[PDB]
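Inspection log for the structure reproduced underneath, given as structure tokens.
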Amino acid sequence: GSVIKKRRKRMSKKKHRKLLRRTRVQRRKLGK
Amino acid sequence: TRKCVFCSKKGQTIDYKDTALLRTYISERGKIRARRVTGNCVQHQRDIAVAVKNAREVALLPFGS
Amino acid sequence: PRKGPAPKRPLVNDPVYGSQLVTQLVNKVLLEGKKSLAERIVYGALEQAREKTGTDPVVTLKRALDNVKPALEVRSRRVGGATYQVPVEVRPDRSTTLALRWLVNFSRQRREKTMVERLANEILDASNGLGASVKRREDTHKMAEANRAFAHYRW
Amino acid sequence: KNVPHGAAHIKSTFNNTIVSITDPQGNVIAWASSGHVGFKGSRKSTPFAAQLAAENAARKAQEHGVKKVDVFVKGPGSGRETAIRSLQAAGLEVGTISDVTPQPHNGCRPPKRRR
RNA sequence: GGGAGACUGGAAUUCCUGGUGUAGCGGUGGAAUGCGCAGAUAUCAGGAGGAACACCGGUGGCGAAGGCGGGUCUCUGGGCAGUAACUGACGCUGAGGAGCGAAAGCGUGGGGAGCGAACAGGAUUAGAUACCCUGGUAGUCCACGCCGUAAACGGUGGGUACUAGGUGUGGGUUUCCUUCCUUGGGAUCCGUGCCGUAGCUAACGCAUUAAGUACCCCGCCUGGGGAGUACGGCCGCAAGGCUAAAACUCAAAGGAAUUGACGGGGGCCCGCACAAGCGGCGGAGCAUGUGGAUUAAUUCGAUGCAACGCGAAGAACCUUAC
């Protein structure tokens, strides 16, 4: 295969983990 | 790769006390000689190796000059 | 170059002295197409070596043939990434040049006016083999044996 | 003092070169490095620098009367044969050449690689 | 070198102690930060502690996969070959389910030599939250638990039967000559590689270790983004893992190979391109031409090699365009 498909999916993965980190404390609040 | 003497009906028994037999297959500096040059088989190289190694530990051969 | 050259001009035997070894120098020391004036000096420079020492110019051939004989020196290369030196066998053309650069070409600086009596004086000193020019021959001698055991490359 | 026989320890890395002349036991009687010669910076590793350091260290050792020296080299520096040949030029009349470089039996972890 | 427990060996790095010993050491494309001058680096002797095991060692061995090599003892799993003694289809696959599962990460308790995410300075740079350098904490290590994911790749599910061979290599059996050793050759069983027919493939290529010819059972796929995301649920101390959509939007996203172009990719070969040799420029004075400028104009061009005694092979007026 080609690596473009992998770094296309990698960016969505990398961006999403950042979103969970930033909203880590807020998620534990509305999760009550 | 001339032949494996040890691997001879007419071949000695490898012991960790026969310092003499081992000198033949260790270098000038402890190195255990390879099998490409020595020529021995796989099974018996494995022997010389465990021998040279045990010997060195009972202080009968240099851990490397 | 890339294939191998040839010796183009021939070392013609001298007309009056019959030695291509002299022919080596009369053309080695030279000027702007001045083989006329070069004829004047090259016979007017061993002229004192004929009379001031008293020995004939054939003897002038003999003394300067054997007095200044570097004949083997060293040379640089890329080896060592530095100025590593290895001895090399050299034709005596680079040997008389070692003295020519301090010869009658450079003998002006000593307080020696009266044109060619000084240029005869230097080639007189060239016969001597202990004069001014042989210092570089000695300088490269001590340099060659400074890296005495540097010939194992042997180019 | 007065010791006729001694040992020379040359350590030559990619950055420097250290020469110390010692008694047969190991006590240092004269040491000189490339930085003590006068070089400073990237020039310590050059073959020229090692040649001068051996020349200087040998000169100090001759002042204490050493006549013959036994040489042990150690390190991957370029100035190893140059350090030896300089000891010959000073006239220390070296003995036997040896080589003692510490190679581990896969012991400690080497540092991170360079990019 | 299949696995678990216990004991144990030395070479090196670090640190401590004591000699010898002065002025540097370290680092890089170059440096500085840093360590020293209170005795560093170097060097000899003694000691402390932790981690990994040069040579053997490889396109070799073992394990279902992950993975597994310093030595010895104890306990234990699997495999192959030979004899056909034994039961007599007891086989194969296997939805859910259960166990094992590199590394990082989490908890409680030890340990910490080197290396070192984060963190400090030093440097490069227009800027350095980087590459480079000097330091450095969790971690890397051990005991008991948890996590359950990787390019966890041969990117190739398991079983079975058949279909030209040649050459290597690792185990176990045996006929033809015998020295009576074994790389003597011969045949057969089981691994592991390279090449190569029939055949297959879009092509690359696979090719008795099939991606060929057939049968049985399981998993999975149905255009690209949104998205392996949200919502609901299960598991988890936490990090998060598993099952898994829709609105909207695009007319493509893709796999293989050909030809050019390009590379701060490689090889080879030529040229006064270097090396051999001679003479100059660069230092002085003056001629020319450009730039910087002052000015009323100091006409218009040319600008790197491939502009600069160039459009000029003729500016006292004309030339001349200011």
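Going through the structure tokens in order, the chains are called A, B, and so on, while each chain numbers its residues from 1 and the ligands are numbered from 1 in the order shown.
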
Test item: residues at most 9 Å from stretch 40-57 of chain C, only C-alpha atoms (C1' of nucleotides), excluding those fewer than 6 positions along its chain, as number ranges by chain: C: 17, 22, 25-26, 29, 104, 116-125, 127

Would you save the residues from that selection as an mmCIF file, in the first residue's frame, using C-alpha atoms?
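The resulting out.cif:
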```cif
data_model
loop_
_atom_site.group_PDB
_atom_site.id
_atom_site.type_symbol
_atom_site.label_atom_id
_atom_site.label_comp_id
_atom_site.auth_asym_id
_atom_site.auth_seq_id
_atom_site.Cartn_x
_atom_site.Cartn_y
_atom_site.Cartn_z
ATOM 1 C CA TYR C 17 80.659 20.899 -24.241
ATOM 2 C CA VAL C 22 74.565 20.942 -19.133
ATOM 3 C CA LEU C 25 70.480 23.522 -16.977
ATOM 4 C CA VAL C 26 71.032 26.056 -19.784
ATOM 5 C CA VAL C 29 67.573 28.542 -16.050
ATOM 6 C CA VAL C 104 72.021 32.994 -9.968
ATOM 7 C CA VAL C 116 77.614 38.147 -14.079
ATOM 8 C CA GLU C 117 80.716 37.840 -11.903
ATOM 9 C CA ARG C 118 78.076 37.241 -9.228
ATOM 10 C CA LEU C 119 76.236 34.751 -11.429
ATOM 11 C CA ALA C 120 79.590 33.112 -12.023
ATOM 12 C CA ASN C 121 80.116 33.325 -8.256
ATOM 13 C CA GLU C 122 76.929 31.398 -7.551
ATOM 14 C CA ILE C 123 77.580 28.633 -10.091
ATOM 15 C CA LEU C 124 81.027 28.646 -8.512
ATOM 16 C CA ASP C 125 79.167 28.022 -5.252
ATOM 17 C CA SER C 127 80.255 23.645 -7.841
#
```

Neighbours of chain D in chain C at 12 Å, counting only C-alpha atoms, as a list in words: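 That gives the following set of residues: residues 79, 80, 81, 82, 83, 84, 145, 146, 147, 148, 149 and 150 of chain C.
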
Give me the residues within 6 Å of stretch 55-57 of chain B as a PDB file with N, CA and C atoms (P, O5', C5', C4', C3', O3' and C1' of nucleotides), in the first residue's frame, counting only C-alpha atoms (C1' of nucleotides) and dropping any in the same chain fewer than 6 places off.
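As written to disk, around19.pdb reads:
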```
ATOM      1  N   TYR B  16      35.743 -30.391  30.333  1.00  0.00           N
ATOM      2  CA  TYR B  16      36.100 -29.069  30.796  1.00  0.00           C
ATOM      3  C   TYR B  16      37.292 -29.118  31.696  1.00  0.00           C
ATOM      4  N   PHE B  63      40.364 -15.674  30.772  1.00  0.00           N
ATOM      5  CA  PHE B  63      39.077 -15.120  30.377  1.00  0.00           C
ATOM      6  C   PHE B  63      39.315 -14.189  29.209  1.00  0.00           C
TER       7      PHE B  63
ATOM      8  P     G E   9      30.800 -15.932  42.318  1.00  0.00           P
ATOM      9  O5'   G E   9      31.128 -16.158  40.777  1.00  0.00           O
ATOM     10  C5'   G E   9      32.095 -17.114  40.367  1.00  0.00           C
ATOM     11  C4'   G E   9      32.581 -16.843  38.965  1.00  0.00           C
ATOM     12  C3'   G E   9      32.988 -15.408  38.678  1.00  0.00           C
ATOM     13  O3'   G E   9      34.329 -15.151  39.054  1.00  0.00           O
ATOM     14  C1'   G E   9      31.543 -16.177  36.972  1.00  0.00           C
TER      15        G E   9
END
```

Neighbours of chain E in chain B at 10 Å, counting only C-alpha atoms (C1' of nucleotides), as an MDAnalysis selection string: chainID B and resid 1:5 7:11 26:27 29:35 42 45:50 52:59 63:64

Considering only C-alpha atoms (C1' of nucleotides), give me a table of residues in chain C that are at most 10 Å from chain E, with the closest atom pair and distance in Å for each, as a tab-separated table.
```
residue	atom	partner	partner_atom	distance
C:1	CA	E:272	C1'	9.5
C:2	CA	E:270	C1'	9.0
C:77	CA	E:275	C1'	8.9
```

Close residues, residue E:20 itself excluded, 9 Å, only C-alpha atoms (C1' of nucleotides), min 2 positions apart in chain, as an MDAnalysis selection string: (chainID D and resid 22:23 26:29) or (chainID E and resid 43:44)

Filtered DSSP result for chain C, state helix (DSSP H, G or I), as an NGL selection string: :C and (20-28 or 35-44 or 46-51 or 57-67 or 79-81 or 93-100 or 115-128 or 134-146)

Each stretch 211-307 of chain E residue no farther than 10 Å from stretch 5-21 of chain A, nearest pair in Å, only C-alpha atoms (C1' of nucleotides), as CSV:
```
residue,atom,partner,partner_atom,distance
E:227,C1',A:12,CA,9.0
E:228,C1',A:13,CA,9.9
E:229,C1',A:16,CA,8.9
E:253,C1',A:5,CA,9.9
E:254,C1',A:5,CA,9.8
```

Output file for the residues above (C-alpha atoms (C1' of nucleotides), as a PDB file, in the first residue's frame):
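Now in selection-v5.pdb:
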```pdb
ATOM      1  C1'   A E 227     -15.568   7.697  11.992  1.00  0.00           C
ATOM      2  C1'   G E 228     -13.524   2.892  14.367  1.00  0.00           C
ATOM      3  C1'   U E 229     -16.438   9.029  16.003  1.00  0.00           C
ATOM      4  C1'   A E 253     -10.539   7.750  -3.338  1.00  0.00           C
ATOM      5  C1'   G E 254      -7.451   3.617  -4.805  1.00  0.00           C
TER       6        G E 254
END
```
